[PDB]
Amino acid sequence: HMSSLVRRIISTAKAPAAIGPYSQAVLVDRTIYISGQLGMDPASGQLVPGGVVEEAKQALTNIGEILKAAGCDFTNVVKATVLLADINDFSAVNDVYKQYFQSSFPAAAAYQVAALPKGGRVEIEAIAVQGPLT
């Protein structure tokens, strides 16, 4: 009696696989729920060296590759969550995010957690909506 909505798992070899029985992202109707991305190199399965700035760059690259696999780019992001091992890294992570966001300004929440998977210093979750968007 109701319409059947499209639900698609998004998969790309250009981002790491999720840790656990999870997908990199799920598109449902037009909304894309992207799993939290760490600064993990898809080729090594481990964090990139060099600390939070390098990890933020890698995490955002990983998000970007998942967005591309769903026909999207950073302009489609509507909400991000920035999870930090150290609140004092917030500015530095925001400076990296400003380099990837294609001038988009999604809503966001940010906070320091007690620990991230793989000893990460940053993890970014995102929600996007498939275009076209006004």
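One-based numbering along the sequence shown.
Asks: Of the two stretches 41-49 and 28-36, which shows the higher Cα B-factor on average in the entry?
Replies: According to the PDB entry, the answer is 41-49.
Asks: Between 98-106 and 85-93, name whichever shows the higher mean Cα B factor according to the PDB entry.
Replies: Higher mean C-alpha B-factor in the PDB entry: 98-106.
Asks: By its CA B factor, does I9 count among the lowest, middle or highest third of the modelled residues in the chain?
Replies: Answer is middle: the recorded C-alpha B-factor places it there.
Asks: Looking at the C-alpha B-factor of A18, is it in the lowest, middle or highest third of its chain?
Replies: CA B-factor rank for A18: highest third.
Asks: What third of its chain's C-alpha B-factors does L67 belong to: lowest, middle or highest?
Replies: Middle third.
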